[PDB]
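S.K.: Have a look at this one.
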Ligand SMILES: Cc1cc(C)n(O)c(=S)c1
Ligand SMILES: [Zn+2]
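In the entry's author numbering, the protein residues as written are 4 to 125, 127 to 261.
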């Protein structure tokens, strides 16, 4: 099955998931000089005051922080979106070294990691029906750079030793995702896809311009997770990022001058 190694990595995925070579794949490089300011975009509205986290899960590819999405509690709207998108989970992509790890790049620059806050369009009723639609998802992508610690990240780092291997989960209640947000909500936006199989083309990407800073110690703890399950040879969970894909017939729009 798919993964991030030599024999099952991103260059292989197209054989089980042919949409890997589709017309709106993600991530992409954001060429800041070519991204046009769109004064018709709206400020993004991120309303996370009532977010209910439930659990954290090592799925063998990354970890997911999962939310109760059975009511309008943590929603994204505004920006490029029509209507209301409900937070279902967040996860990260990261490198073995600080110079790589993000999926989107900015003028070919890679950040150490990238956070994805995944939301589904409530007009489709649930996540499974939303990923069958071209406007079913909105993913808020936030870059991580190594520097000062992010205090709001520490509760996630401190639980990782409890979900070291594939299939492990832990209670993860009362986590507030507002502590993962940078000051500015200035963003780039373009139509794309999930960056992991099944690579579905459902995503309005909203990529914040401002990275958050995390400490070297925090990212080191991500790199101690394992892709393997308990009792299997150890394979560290690092470099779980897909490289940039062809932009094709798409334009990236900027919310800011
Ligand atoms: C819904 C979803 C799930 C995963 C694992 N990833 O990586 C993205 S970008 C989106
Ligand atoms: Zn992702």
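Idealized CB from N, CA, C, for every residue including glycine.
Evaluate residue 37 with the Cβ neighbour count: other Cβ atoms within 10 Å of its Cβ, from every protein chain shown; 16 or more gives buried, anything less gives exposed.
M.R.: On the chain shown, position 34 is the one that residue 37 refers to. Exposed, since its Cβ has fewer than 16 Cβ neighbours within 10 Å.
S.K.: For the pair the segment 185-197 and the segment 205-220, tell me if three or more CB-CB distances fall below 8 Å.
M.R.: yes
S.K.: From residue 213 to residue 110, what does the alpha carbon distance come to, in whole angstroms?
M.R.: Along the chain shown, one-based indexing puts residue 213 at 209. Along the chain shown, one-based indexing puts residue 110 at 107. So the alpha carbons of these two residues sit roughly 12 Å apart.
S.K.: I need the straight-line Cα distance from residue 96 to residue 243, nearest angstrom please.
M.R.: Numbered from its first residue, the chain shown carries residue 96 at position 93. Numbered from its first residue, the chain shown carries residue 243 at position 239. Going from the Cα of residue 96 to the Cα of residue 243 covers about 7 Å.
S.K.: Does at least one heavy atom of ligand 2 sit under 7 Å from the Cβ of residue 200?
M.R.: What you label residue 200 is simply residue 196 of the chain shown in a count that begins at 1. Checking every heavy atom of ligand 2 against the Cβ of residue 200, one is found closer than 7 Å.
S.K.: What's the C-alpha gap between residue 174 and residue 70?
M.R.: Start at 1 with the first residue of the chain shown, and residue 174 comes out as number 170. Start at 1 with the first residue of the chain shown, and residue 70 comes out as number 67. Cα to Cα, the separation comes out at about 13 Å.
S.K.: If you measure between the beta carbons of residue 125 and residue 165, is that distance less than 8 Å?
M.R.: Reading the chain shown from its first residue, position 122 is the one you call residue 125. Reading the chain shown from its first residue, position 161 is the one you call residue 165. No; because the gap between Cβ atoms is not below 8 Å, this pair is not in contact.
S.K.: Could you say which of 102, 100, 48 lies nearest to residue 84 if we only look at CA atoms?
M.R.: Counting from one through the chain shown, the residue named residue 84 turns up at place 81. Per the Cα distances, 48.
S.K.: Are residue 2 and residue 114 close, meaning C-beta to C-beta below 8 Å?
M.R.: Lying before the first or after the last residue shown, residue 2 is absent from the chain, which here runs from 4 to 261.
S.K.: What are the boundary residues of the alpha helix (DSSP H) that residue 158 is part of?
M.R.: Residue mapping note: residue 158 aligns to position 154 of the chain shown, counting from 1. Looking at the DSSP string, the run of the alpha helix (DSSP H) that includes residue 158 is 158-163.
S.K.: Since residue 202 and residue 13 are thought to touch, with beta carbons under 8 Å apart, how far apart are those beta carbons, to the nearest angstrom?
M.R.: Locating residue 202 in the chain shown gives position 198, counting from the first residue. Locating residue 13 in the chain shown gives position 10, counting from the first residue. Under the criterion of beta carbons closer than 8 Å, residue 202 and residue 13 do not qualify as touching, at roughly 14 Å.
S.K.: Can you look up residue 192 in the DSSP assignment and give me helix, strand or coil?
M.R.: Residue 192 sits at position 188 when you count from the first residue of the chain shown. Strand at residue 192.
S.K.: With respect to 7 Å, is the separation between the Cβ of residue 119 and the closest non-hydrogen atom of ligand 2 below this value?
M.R.: Looking up residue 119 in the chain shown gives position 116. Under cutoff, so the answer is yes.
S.K.: In the DSSP assignment, find the unbroken beta strand (DSSP E) run with residue 222 in it and report its ends.
M.R.: Your numbering for residue 222 matches position 218 in the chain shown. Unbroken run through residue 222 is the alpha helix (DSSP H), 220-226; no beta strand (DSSP E).
S.K.: Between the segment 171-190 and the segment 134-141, are three or more C-beta pairs nearer than 8 Å?
M.R.: no
S.K.: Following the continuous alpha helix (DSSP H) through residue 133, name the residue where it begins and the one where it ends.
M.R.: The count along the chain shown starts at 1 and reaches residue 133 at position 129. Residues 131-134.
S.K.: For residue 45, which residues from the same chain have a beta carbon less than 7 Å from its beta carbon, with the 5 sequence-adjacent residues on both sides left out?
M.R.: Position 42 of the chain shown, counted from the first residue, corresponds to residue 45. When the five nearest sequence neighbours on each side are left out, the beta carbons in the same chain lying within less than 7 Å of the beta carbon of residue 45 are those of 81, 82, in order along the chain.
S.K.: Return the CA-CA distance between residue 167 and residue 41, expressed in angstroms with no decimal places.
M.R.: In the chain shown, counting from the first residue as 1, residue 167 sits at position 163. In the chain shown, counting from the first residue as 1, residue 41 sits at position 38. Their backbone Cα atoms lie some 42 Å apart in a straight line.
S.K.: Rounded to the nearest angstrom, how far is the Cβ of residue 150 from that of residue 218, given a contact under 8 Å?
M.R.: Position 146 of the chain shown, counting from 1, holds the residue named residue 150. Position 214 of the chain shown, counting from 1, holds the residue named residue 218. Sure, about 6 Å apart at Cβ, within 8 Å.
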